[PDB]
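S.K.: So I've got this experimental structure, pasted below with the sequence.
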Amino acid sequence: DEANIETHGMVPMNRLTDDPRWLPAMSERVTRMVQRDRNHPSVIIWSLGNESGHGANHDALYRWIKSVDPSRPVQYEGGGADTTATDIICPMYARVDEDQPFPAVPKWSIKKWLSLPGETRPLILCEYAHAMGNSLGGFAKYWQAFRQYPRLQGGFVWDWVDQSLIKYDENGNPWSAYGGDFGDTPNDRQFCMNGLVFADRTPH
Amino acid sequence: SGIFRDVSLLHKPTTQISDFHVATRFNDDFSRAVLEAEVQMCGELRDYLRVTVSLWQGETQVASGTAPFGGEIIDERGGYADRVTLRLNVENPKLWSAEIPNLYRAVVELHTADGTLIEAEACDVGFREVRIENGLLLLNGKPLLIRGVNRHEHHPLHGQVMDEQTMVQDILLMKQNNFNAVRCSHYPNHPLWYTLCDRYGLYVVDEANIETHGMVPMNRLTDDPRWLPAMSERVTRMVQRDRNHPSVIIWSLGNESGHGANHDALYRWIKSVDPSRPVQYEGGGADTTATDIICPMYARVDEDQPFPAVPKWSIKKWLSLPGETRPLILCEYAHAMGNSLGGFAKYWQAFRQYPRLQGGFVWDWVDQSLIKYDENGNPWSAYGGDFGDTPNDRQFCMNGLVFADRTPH
Ligand code: NA
Ligand code: NA
Ligand code: NA
Ligand code: NA
């Protein structure tokens, strides 16, 4: 269960989440979610949101949840996937064997990440195996590693269904549309279609 | 068998230096060190006796301390009237490593207040700190990458007798071939080897002479209290002899002797006595309570070998097993028997990629072949069974990176 907080277009990403003036607004996004959903057995883990860097607001909220509901781990991937605001190493698109050593927020190979000095948490990818189009190449490599390494406990494929929308041609027939097809600009074209199934649920 | 190492006579005074230990501790950035030397005497105590410990950098004395005998109070019955500890401050010390084997000379003088020397003892001192922190083996605060090899004391003509020439040849070839460490497989070596490793610069794993591989199960003796005494001497006497060598960075409890409670007791004895070096031991699964470093033999890079009780996990996976945090350095890997070393690059790639994979010791340096002569007087390389020995394990003794005569494979 994840809080409705994403500030991906900010520069740097944590501009708002490190800002106390934004603490109240963020706080309601997390607290009201917990108050509403805390009795559902299916929710096993709380998430602080997505792609909003790592800011002090996050640390505050992570502690708030730990305090009010000790029954579920709290995870958050911003700021490098392994910050003080996450009980689980939960990267997005980290590779099996290959490191992607970006400055500040590297994406280590998952096998290596578990054993960096001092690291002891479990690792479950919050997003992996980007299913956009003709994709999922190398999926088996992830599964082989999840099964061999105890602390590699899986992940969440990105993602279930294509975000295509139906439009009608001059003759009224339907067709699958994406970014920019409504006159929207700027837009990100087909990047909105990354699922394992088409928008009508037919499988890819 | 036989008298295979030197025999000497040593004449000491009745009032003498009977032991001395040199320790070097540092500040946070190694810019300052304290050299502490505990000195013990045998003989008649006299108020006029003194001990001076002097530290030299080449022909320059850099520090010194002098004191009468008489240790600090240690318990309800007092202190050691027959010991003294000297503490020397050393600024900006030149640090020892296998890359730059900087050494100083410590001279320990037993003398009188008024200047007469009774006797002196001495050692080369390498200022270096060995510690494990956060899961990494650090030397002077930096994590090591062990390019090691296991080396037995073997000569095709002389058997197990070692000589300076051969030892020097081996160190030169090792260094020339980018090795930076050696494991004394599997017993303390001839004394001179330590002095050469200190001076030429190689990291050394000093191993006690205990191997009980042939017992069933392997720890039958090492788990038995009745053998604790014999075992203990093998470890304690090694430490007593080699503790002041800077090249020695890690102590090992022996080899292929399973994991017995005797190991645990001895591990703790070393940790108490010499907190300056980690203790390792591979027996019983390579990651027991008797080892500070996970130190498997022949574990593979990516492939698991899930043997009951004593599995050999892929080294990458071993590191991250639930609750594991230790560094991993293979005590033996890359079995160099005949046409071998296939897959060697796979190891290196892993070691470079994973901080906690800090290298290993190849098995092994030199082929244990022996020279024989045919009807004509022409020599040839012999192996097990070639001396009428049986049962025997044939060519199992030739696993080196070099032939017995030091020619490379
Ligand atoms: Na797993
Ligand atoms: Na997308
Ligand atoms: Na490494
Ligand atoms: Na052998």
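M.R.: Noted; the coordinates are in hand. Numbers count the residues shown, from 1 in each chain, chains lettered A, B, ... in the order given. Ligands and ions are numbered 1, 2, ... in the order given.

S.K.: From now on I want contacts and neighbour counts done on CA atoms only, so please keep to that.
M.R.: Will do.

S.K.: got the phi/psi numbers for residue A:35?
M.R.: Backbone dihedrals for residue A:35, given as degrees, to the nearest 10, come out at phi -70, psi -30.

S.K.: I'd like to know how far it sits from residue A:70.
M.R.: As defined by CA to CA, to the nearest Å, residue A:35 lies at a distance of 14 Å from residue A:70.

S.K.: can you tell me how far the residue positioned nearest the centre of chain A sits from residue A:81?
M.R.: Nearest to the centroid of the C-alpha atoms of chain A, with distances taken as CA atoms, centre = their mean, sits residue A:126, at 4.7 Å. In this structure, residue A:126 and residue A:81 are 9 Å apart, going by CA to CA.

S.K.: Next: residue A:67.
M.R.: Separation of residue A:67 from residue A:81 (CA to CA) stands at 22 Å.

S.K.: do residue A:194 as well
M.R.: In this view, residue A:194 and residue A:81 are 22 Å apart by CA to CA.

S.K.: anything in stretch A:150-163 near chain B?
M.R.: Yes - part of stretch A:150-163 sits close enough to chain B to count as contact by CA under 8 Å from any CA of the partner chain, namely A:150, A:151.

S.K.: For ligand 3, what's the nearest residue on chain A?
M.R.: residue A:116 (10.1 Å; CA to the ion).

S.K.: Secondary structure element holding that residue?
M.R.: Here residue A:116 is covered by no helix or strand, with elements defined by DSSP states H and E.

S.K.: can I assume it is in contact with residue B:353?
M.R.: No - using CA atoms under 8 Å, residue A:116 and residue B:353 do not qualify as a contacting pair, with a distance of 10.5 Å.

S.K.: The residue nearest to residue A:73 when sequence neighbours are not counted: what's it in contact with?
M.R.: Spatially, and ignoring its direct neighbours in sequence, residue A:73 is nearest to residue A:45 (5.1 Å; CA to CA, 6 or more residues apart in numbering or on different chains). Neighbour list for residue A:45: A:1, A:72, A:73, A:74, A:75 [criterion: CA atoms under 8 Å, 6 or more residues apart in numbering or on different chains].

S.K.: Tell me the most packed of the residues you listed, by neighbour count.
M.R.: With neighbours defined as other CA atoms under 10 Å in any protein chain shown, the most crowded of the contacts of residue A:45 is residue A:75; it has 26 neighbours.

S.K.: Could you find the closest non-adjacent residue to it?
M.R.: Across the structure, with CA to CA, 6+ apart as the measure, the residue nearest residue A:75 apart from its sequence neighbours is residue A:86 (4.3 Å).

S.K.: ok, the one you found touching residue A:76?
M.R.: Yes - taking contact to mean CA under 8 Å, the distance of 5.2 Å between residue A:86 and residue A:76 places them in contact.

S.K.: shared neighbours, those two?
M.R.: The contact lists of residue A:86 and residue A:76 share no entry, where a contact means CA under 8 Å, 6+ apart.

S.K.: Name the residue in those two with the higher neighbour count.
M.R.: Taking other CA under 10 Å, residue A:86 and residue A:76 do not tie; residue A:76 has more neighbours (30 against 22).

S.K.: List the contacts of that one.
M.R.: With contacts defined as CA under 8 Å, 6+ apart, the neighbours of residue A:76 are A:47, A:48, A:49, A:50, A:85, A:86, A:88, A:90.

S.K.: any idea which helix or strand carries the nearest residue to the last one once chain neighbours are set aside?
M.R.: Nearest in space to residue A:90, with sequence neighbours left out and distances taken as CA to CA, 6+ apart, is residue A:125 at 4.6 Å. Taking DSSP H and E as the criterion, residue A:125 maps to strand A:123-128.

S.K.: neighbouring contacts of that strand?
M.R.: Contacting residues not belonging to strand A:123-128 are listed as A:77, A:88-94, A:110, A:114, A:151-159 [CA under 8 Å, 6+ apart].

S.K.: So which of those belong to strands?
M.R.: Among the contacts of strand A:123-128, the members falling in strands are A:152, A:153, A:154, A:155, A:156, A:157 (criterion: DSSP state E).

S.K.: and the last one, what does it touch?
M.R.: Contacts were defined as CA under 8 Å, 6+ apart; by that measure residue A:157 touches A:126, A:127, A:128, A:129, A:130, A:131.

S.K.: that older thread, let me see the backbone angles for the residue nearest to residue A:75.
M.R.: phi -140, psi 130.

S.K.: which residues does it contact?
M.R.: A:62, A:74, A:75, A:76, A:77.

S.K.: if you set the cut-off to 6 Å instead, what comes out?
M.R.: Taking CA atoms under 6 Å, 6 or more residues apart in numbering or on different chains as the criterion, residue A:86 is in contact with A:74, A:75, A:76.

S.K.: next one: residue A:14
M.R.: If a contact means CA under 6 Å, 6+ apart, then residue A:14 has A:52, A:53, A:54, A:55 as its contacts.

S.K.: Need the buried ones from these selected in ChimeraX.
M.R.: Written as a ChimeraX command, the selection of buried residues from those, which uses 16 or more other CA atoms under 10 Å in any protein chain shown, is:
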select /A:52,53,54,55
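
S.K.: which ones among the contacts of residue A:14 are found in strands?
M.R.: Residues of these located in strands (DSSP E): none.

S.K.: and the two most separated of the contacts of residue A:14?
M.R.: A:52 and A:55 (8.1 Å; CA to CA).

S.K.: The residue lying farthest from the centre of chain A: what secondary structure?
M.R.: Largest separation from the mean C-alpha position in chain A: residue A:171, at 40.0 Å (CA atoms, centre = their mean). Applying DSSP: H, G, I helix; E, B strand; the rest coil to residue A:171 yields a three-state assignment of coil.

S.K.: Who has more neighbours out of residue A:67 and residue A:81?
M.R.: Higher neighbour count among residue A:67 and residue A:81: residue A:81, with 25 against 10, using other CA under 10 Å.

S.K.: tell me which element that one falls in.
M.R.: When secondary structure is defined using DSSP H and E, no element contains residue A:81, which sits outside every helix and strand.

S.K.: Against chain B, how distant is it?
M.R.: From residue A:81 across to chain B, the span is 18 Å (CA to the nearest CA, to the nearest Å).

S.K.: That residue contacts residue A:90, correct?
M.R.: Yes - between residue A:81 and residue A:90 there is a contact under CA atoms under 6 Å: 5.3 Å.

S.K.: Grab the nearest non-local neighbour of the residue in chain A positioned nearest to ligand 1.
M.R.: With distances taken as CA to the ion, chain A approaches ligand 1 most closely at residue A:150, which sits 3.7 Å away. Using CA to CA, 6+ apart and skipping the chain neighbours, the partner closest in space to residue A:150 is residue B:321 (6.6 Å).
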